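In the block that follows, a single chain appears as structure tokens, in the form solved without this ligand.
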């Protein structure tokens, strides 16, 4: 017997200042946060319909640099899917992606963890990471790549919905 909607536990990771919170707040509140208030840990929920199925997204917005690795391991174990976010004007955030990805694979003991690579701030003019390089990296991981802007809303729904679709594929 159906006891209520399917729930998906999504975790947003990536370097400090890439726009993890801004992405999440744009999804939840349709609001662009212009201030940079560094996150410790925040949890959000939203019910959405994706491919005809109603679901409850439970979204954990994480800190760029996480002071306890015990707390990091805990959300990595609990998370069913991960948005790995870099900023397209910050080369270092892009180079950091491989470390977030390795950390997640180690904790989950798997090569095939649902993830989406997200290149955020695509509205800004000062691009330093080429779309082709990000696509190549994503292809090497076997995951989707989506360019986003928390400010214009480009790709924001798509990033979260795509991650849910990755989780569903992995669940069969």
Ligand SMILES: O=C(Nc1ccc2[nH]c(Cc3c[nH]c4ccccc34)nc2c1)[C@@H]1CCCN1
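Positions refer to the first chain, counted from 1.
The same protein has a further form, the form deposited with this ligand bound, not shown here; the description that follows concerns it.
Non-hydrogen atom within 4.5 angstroms of this ligand in the entry with it bound for each of 112, 144 and 166: No, none of 112, 144 and 166 comes within 4.5 Å of this ligand in the entry with it bound.
Proximity of residue 133 to this ligand in the entry with it bound, heavy atoms at 4.5 Å: Although this ligand is absent here, residue 133 would stay clear of it in the entry with it bound, with no heavy atoms inside 4.5 Å.
Residue 11 within 4.5 Å of this ligand in the entry with it bound, heavy atoms: Flag for residue 11 set to yes.
Residue 137 within 4.5 Å of this ligand in the entry with it bound, heavy atoms: No, no contact at 4.5 Å.
Contact test in the entry with it bound: residue 50 vs this ligand, heavy atoms, 4.5 Å: Answer no; every heavy atom of residue 50 is more than 4.5 Å from this ligand in the entry with it bound.
Residues from 133-153 in contact with this ligand (non-hydrogen atom within 4.5 Å) in the entry with it bound: The stretch 133-153, when checked against this ligand in the entry with it bound, contributes no residue at the 4.5 Å heavy-atom cut-off.
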